[PDB]
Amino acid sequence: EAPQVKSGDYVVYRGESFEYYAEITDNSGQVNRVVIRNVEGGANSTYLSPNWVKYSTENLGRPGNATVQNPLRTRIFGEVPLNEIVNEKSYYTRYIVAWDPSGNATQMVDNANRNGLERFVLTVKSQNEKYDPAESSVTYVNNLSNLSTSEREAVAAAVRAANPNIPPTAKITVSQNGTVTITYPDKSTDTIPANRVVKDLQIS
């Protein structure tokens, strides 16, 4: 038997670092090598793209480094560039191959039913998708159809205060009717409708 791998659903986001760990076990208790690779290229290939996907495995080549009770772990990490293309097909299916002391290597099987095992999908999303802006602030304005500059600034400050985890260099803008736009570093956006963040007292 070859080393067995447990990975996951590895979603990553433009403009952001990522880090995941896969777990690897072997019936011998030992794994000597781990490669993460594209499917193409035959048994000797180590080619992996995109080039910003990195990985590392500590504690290779030691007895008992890959047991059920303490699996070997491989870090899969990197920084997603702002210039990545994002769409419904902007994923990359990759394979984790580990070798035991007898040279048995994890088999690459091209089937989505192996995803989360030795096969995994790296999905690149736009930066906005990492964030779920809180809509729990409320700013009272004079007239919801015509916010002043000071009122627009107050709405933006309230949204920022409720959203400390949004990237500090994301830009929060508010329109004359209170609509909020959060523009992330990769230039994707989230919107918040005005009536979730702004009210007036015009209605008796």
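Numbering starts at 1 and follows the sequence shown. Between two forms, the rigid core is defined as the largest C-alpha subset superposing within 1.5 Å.
In a rigid core superposition of the other structures in 5 other deposited structures of this protein, 110-118 and 129-137 differ in how far their CA atoms stray, and the farther one is 129-137. Coverage remark for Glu88: absent from the model in at least one third of the other entries compared whose chains are built on both sides. The question of which stretch, 120-128 or 106-114, has the higher mean Cα B factor is settled in favour of 106-114. For the two regions 153-161 and 54-62, the entry's Cα B-factors average higher over 54-62. Per the deposited coordinates, the residue with the largest Cα temperature factor out of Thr25, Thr191, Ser17, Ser188 is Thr191. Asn38 sits in the lowest third of its chain by CA B factor, as recorded in the PDB entry. Ranked by C-alpha B-factor against the other modelled residues of its chain, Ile172 falls in the middle third. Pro133 sits in the highest third of its chain by CA B factor, as recorded in the PDB entry. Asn146 sits in the lowest third of its chain by CA B factor, as recorded in the PDB entry. Ranked by Cα temperature factor within the chain, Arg75 sits in the lowest third according to the deposited record.
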